[PDB]
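Below is one structure, written out as structure tokens; the observations come after it.
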Amino acid sequence: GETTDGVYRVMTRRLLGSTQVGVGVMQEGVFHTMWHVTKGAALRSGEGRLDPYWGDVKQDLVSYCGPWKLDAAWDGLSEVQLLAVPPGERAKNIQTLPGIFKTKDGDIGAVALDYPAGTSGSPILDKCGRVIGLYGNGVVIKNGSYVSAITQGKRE
Amino acid sequence: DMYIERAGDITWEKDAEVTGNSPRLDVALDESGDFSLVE
Ligand SMILES: COc1cc(Cc2ccnc(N3CCNCC3)c2)nc(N2CCNCC2)n1
């Protein structure tokens with residue numbers, strides 16, 4: 001169906017009303033979302049059908065119709081913008097300076113912005129509007145609040 | 001069957017609401033993809 005570039009809402013008619021399970025990004029004819037949102041399942045867009053192409057549980061990422069296209073990354077210095085698409089609410093750009101997830105395999109970016117779990121899959125933008133990662137997978141700190149990572153896949 | 005609905009354009013917006021701190025954390029990623037706070 002519609003394959004126009006941009007940010008999309010991932011919805012389900014399986015429960016009471018139309019619940020928003022997550023968010024995704026269309027770019028070069030590929031739907032990019034977090035695995036925990038769709039569980040690898042096929043989606044629908046009008047009468048059209050989106051079938052998965054790649055996915056990985058550890059990375060928590062899954063791409064539809066083609067391989068992962070998003071390849072930009074945070075420079076570790078500049079402020080970023082979470083283009084947050086919350087359930088029942090309009091898309092909103094929220095500027096923040098990222099944190100750090102120090103792991104044994106390497107340091108990753110982080111965003112200390114707390115949104116309803118249905119916002120999972122919202123893009124994180126650099127000063128050019130290039131997608132550098134997805135919000136929705138992170139950790140709960142001693143504060144009780146959520147700190148998500150800037151999740152980005154590989155382009156081949 | 002899950003479905004998708006367009007909600008906007010991917011653009012950086014000048015004069016946007018600035019909020020959120022920059023924390024440095026020690027975490028661990030498991031085979032299931034779940035981040036756990038390491039202390
Ligand atoms: C406290 O944890 C979470 C998790 C999530 C997203 C989520 C939910 C369920 N399972 C997930 N996974 C992915 C990785 N490992 C396999 C299973 C992931 N969302 C929030 N939110 C709470 C409000 N603020 C933001 C969203 N918390």
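Letters A, B, ... go to the chains of the structure tokens in the order shown; residues in each chain start at 1; ligands are counted from 1 in the same order.
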At most 9 Å from ligand 1 (only C-alpha atoms and all ligand atoms): residue list as a VMD selection string: (chain A and resid 34 to 37 57 to 60 113 to 120 135 to 140 145 to 148) or (chain B and resid 29 to 35)
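The neighbours of residue 22 of chain B here are the residues that come within 10 Å of it, using only C-alpha atoms and leaving out any residue fewer than 6 positions away in the same chain; they are residues 96, 97, 98, 99, 100, 109, 110, 111, 112 and 147 of chain A.
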Within 6 Å of chain A, which residues of chain B show up when using only C-alpha atoms, listed as an MDAnalysis selection string? chainID B and resid 2:12 17:20 22:28 31:33 35
Please give the complete set of residues from chain B that DSSP, run on the backbone, assigns to strand (DSSP E or B), formatted as a list in words.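 DSSP on the backbone gives strand (DSSP E or B) at residues 2, 3, 4, 5, 6, 7, 8, 17, 18, 24, 25, 26, 27, 28, 29, 35, 36 and 37 of chain B.
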Find the residue from A:17, A:1, A:88, A:66 that sits nearest to residue 156 of chain A; use only C-alpha atoms when measuring.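 The closest residue to residue 156 of chain A is A:66.
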Extract, using only C-alpha atoms, all DNA, RNA and protein residues at most 8 Å from residue 73 of chain A, discarding same-chain residues fewer than 5 positions from it, and format them as a ChimeraX atom specification. /A:131-133,152
Expected file contents, prior selection, C-alpha atoms, as a short mmCIF file (atom, residue, chain, number, x, y, z; two decimals), in the first residue's frame:
data_model
loop_
_atom_site.label_atom_id
_atom_site.label_comp_id
_atom_site.auth_asym_id
_atom_site.auth_seq_id
_atom_site.Cartn_x
_atom_site.Cartn_y
_atom_site.Cartn_z
CA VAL A 131 17.80 8.87 11.68
CA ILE A 132 20.54 7.82 14.08
CA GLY A 133 18.54 5.31 16.18
CA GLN A 152 20.69 1.54 15.43
#
Run DSSP on the backbone and give me the residues of segment 14-92 of chain A it puts in alpha helix (DSSP H), as a PyMOL selection string. chain A and resi 35-38
